[PDB]
Amino acid sequence: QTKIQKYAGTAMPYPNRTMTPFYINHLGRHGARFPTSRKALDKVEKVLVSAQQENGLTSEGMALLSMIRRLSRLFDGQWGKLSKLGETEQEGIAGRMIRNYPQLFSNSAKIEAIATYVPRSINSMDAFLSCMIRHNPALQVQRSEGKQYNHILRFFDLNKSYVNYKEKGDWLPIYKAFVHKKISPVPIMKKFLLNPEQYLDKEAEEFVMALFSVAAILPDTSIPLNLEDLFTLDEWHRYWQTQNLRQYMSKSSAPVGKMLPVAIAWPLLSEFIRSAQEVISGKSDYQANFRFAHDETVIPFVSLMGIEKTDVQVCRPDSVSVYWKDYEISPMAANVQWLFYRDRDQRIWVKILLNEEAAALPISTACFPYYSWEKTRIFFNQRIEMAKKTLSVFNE
């Protein structure tokens, strides 16, 4: 909620969140995790060590180097793992769900959960399920995971055109230019390094961007250390703008991506509709389907749903941060829940929660936040059709 927390972007910890539905349809990112790569930590260390050898550190830089060496030991063998904070985030999400809708999960209700093959997502599922079971051990629970779910949870790895775009598409030079524009490395490096102006701009920006990366992830690790004060608030604001743009262009509805990053999510939207239709019809008798995956899953899924603002197509890179904010969409433990209700005339209504807050769709309803399922399904089906059309052009 603080400005500083928000500027961690997709690395922001899940925010504070302190009738009765007949079905809940869920997608959740894993909870708060350790950094996935040592790359940024190694860069910062190499720069500071080289400086130490040539007598190039300030007192603050020597202290920073000491801290970086410490984090290197603490991160060792922990890369990419769910942290204790990440487990508690899932416990909180499950706990509020059970507390809000006890009748749904009462008696011998049936639930199913799936996860990707990635350990932090499986462990997030388990933190969530363990909370459900503790509250009602009489639940019937199906738990599965792995590469069999790649088509719906890891579609971003399976589409060749998208993989090419993500790795070398036209968004890259836009992002790099924006970084050069927003981030001035010299004043930051002045804190840690003697003669910071002697550094070339490329190496200077790589160092600063790496240091921001280390600082941004630290609150997700449950390690009792903090580096927010390495940078001023304006510096964090600028860094956030650059990473926000990176996420928007590489994973969401940026014009430069031509909706390719969004279109690839259609199989998951299809599966969401299918699981709901089966419960409504009686073919399935689950009270909930839970799914645990990644920000690479959640971001395009939310845009494809067309939750208001998340699918905006903004042409000016400088304007993106005004209209589209990654920390509002995909913080750590980011989740989408569709809650289904039957009224006293047996009409079916759906409420959409994004990070446990009611979300709007660009269709009408006389009882917001509840939408007609019939209207909603028709709208989502049109989104899927649009997605298939988009992909028909980028087959490569």
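Using 1/(1 + (r/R0)^6) with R0 = 45 angstrom and r between the beta carbons of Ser106 and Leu74, what's the FRET efficiency to the nearest 0.05?
Details: r = 43 Å, r/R0 = 0.95.
That pair, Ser106 with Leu74, gives E of 0.55.
Per residue, what volume in Å³ does the Cα convex hull of the stretch 285-373 take up? Intermediate results must be reported in sequence, preceding the final value.
Values: hull volume 10.4 nm³, N = 89.
It is 117 Å³ per residue.
I want to verify the translational diffusion coefficient of the chain in µm²/s; compute it with Stokes-Einstein, Rh as the Kirkwood radius over Cα pairs, at 37 °C and 0.692 mPa s. Don't jump to the answer; show the numbers that get you there.
Working: Rh = 22.4 Å.
After rounding, the answer is 147 µm²/s.
Which order do the peptides 239-245, 228-234 take when ranked by the mean count of other beta-carbon atoms within 10 Å per residue, highest first? Write down the numbers at each step before the final one.
Working: 239-245: 22.6, 228-234: 13.7.
Put in order of decreasing packing, that is 239-245, 228-234.
Distance in nm between label sites at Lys3 and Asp345, each 7 Å beyond Cα in the beta-carbon direction?
5.0
According to the Cα gyration tensor, what semi-axes, each the square root of 5 times an eigenvalue, does the equivalent ellipsoid of the stretch 179-272 have, listed from largest to smallest in whole Å?
Working: eigenvalues 216, 67, 19 Å².
Each semi-axis is √(5λ); the values are 33, 18, 10 Å.
Using label points projected 7 Å from each Cα along Cα→Cβ, tell me how many nm separate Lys147 and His135, to one decimal.
3.5
Computed FRET efficiency, Cβ-Cβ of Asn195 and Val322, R0 45 Å: what is it to the nearest 0.05?
On the way: r = 38 Å, r/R0 = 0.84.
In this case the efficiency is close to 0.75.
Take the Cα radius of gyration of the stretch 53-128 and divide it by 2.2 N^0.38 Å, with N its residue count; two decimals is plenty. Don't skip to the answer; put the middle values down first.
Working: Rg = 20.9 Å, N = 76, 2.2 N^0.38 = 11.4 Å.
Ratio of Rg to 2.2 N^0.38 Å for the stretch 53-128: 1.83.
For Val298, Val179, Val141, what's the fewest-to-most ordering of other Cβ within 10 Å of each Cβ? Before the final figure, lay out each step's value.
On the way: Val298 26, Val179 19, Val141 14.
Placing the least packed residue first, the sequence is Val141, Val179, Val298.
Using a cut-off of 14 Å between beta-carbons, work out the net charge of the residues near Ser72 (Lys and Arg +1, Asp and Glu -1, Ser72 not included). All intermediate terms of the calculation are to be shown ahead of the outcome.
Details: positive: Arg38, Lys39, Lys43, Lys46, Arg69, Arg70, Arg73; negative: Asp42, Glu45, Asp76.
Here the charged neighbours net out to +4.
Rank these for me by crowding, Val47, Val163, going from fewest to most other beta carbons within 10 Å.
Least to most surrounded, the residues fall as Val163, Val47.
Through the Karplus equation 6.51 cos²θ - 1.76 cosθ + 1.60, θ set to phi - 60°, convert the phi angles of the stretch 378-394 into ³J(HN,Hα) values in whole Hz; use x for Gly and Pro.
4, 5, 4, 5, 5, 4, 5, 4, 4, 4, 5, 5, 4, 5, 5, 8, 9
Multiply the residue gap between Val186 and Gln313 by 0.36 nm, knock off their C-alpha separation, and tell me the result in nm, one decimal place. Walk me through the numbers before you get to the answer.
On the way: separation 127, 0.36 × 127 = 45.72 nm, distance 3.37 nm.
Length gained between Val186 and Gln313: 42.3 nm.
Return the long-range amide H neighbours of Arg143 (sequence gap of 5 or more, or a different chain), with a cut-off of under 5 Å between placed amide H atoms.
For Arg143, whose amide H was placed from the backbone, the distant partners under 5 Å are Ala113.
Which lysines, if any, have their Cα less than 23 Å from the Cα of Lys309, not counting same-chain residues under 8 positions apart?
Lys3, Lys6, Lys166, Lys251, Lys258, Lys325, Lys351, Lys375, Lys388, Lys389
Distance between the C-alpha centers of the stretch 100-171 and the stretch 295-363? Whole Å please.
One Cα centre to the other: 18 Å.
Work out how much length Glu357 to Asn226 would gain on full extension: take 0.36 nm times their residue separation and subtract the Cα-Cα distance, in nm to one decimal.
On the way: separation 131, 0.36 × 131 = 47.16 nm, distance 2.89 nm.
So the chain would gain 44.3 nm between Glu357 and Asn226.
Would you kindly work out the equivalent ellipsoid of the stretch 1-160 from its C-alpha gyration tensor and give its semi-axes, the square roots of five times the eigenvalues, largest first in whole Å? Display every interim value, and only then the final one.
Numbers: eigenvalues 326, 70, 37 Å².
Whole-Å semi-axes of the equivalent ellipsoid: 40, 19, 14.
Of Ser121, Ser372, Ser106, how do they rank once you tally other Cβ atoms within 10 Å and put the fewest first?
With the sparsest Cβ surroundings first, the list reads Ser106, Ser372, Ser121.
Determine the sum of side-chain charges near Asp170: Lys and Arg each +1, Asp and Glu each -1, restricted to other residues whose C-beta is under 15 angstrom from that of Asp170. Let's see the in-between values first.
On the way: positive: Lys166, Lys168, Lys176, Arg246, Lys251, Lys258; negative: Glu167, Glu396.
Neighbour charge sum, excluding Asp170 itself: +4.
Order 27-35, 377-385, 212-220 from most to least packed using the mean count of other Cβ atoms within 10 Å. Can you show the working numbers first?
Numbers: 27-35: 26.3, 377-385: 15.1, 212-220: 22.6.
Highest to lowest by the protection proxy: 27-35, 212-220, 377-385.
What net charge do the residues around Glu296 carry, taking every other residue with its C-beta under 12 Å from that of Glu296, with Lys and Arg at +1 and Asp and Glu at -1?
+2
We place every Cβ from the backbone using ideal geometry, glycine too, and count neighbours over all the protein chains shown. Values in this text are rule-based calculations from the coordinates and carry no lab data.
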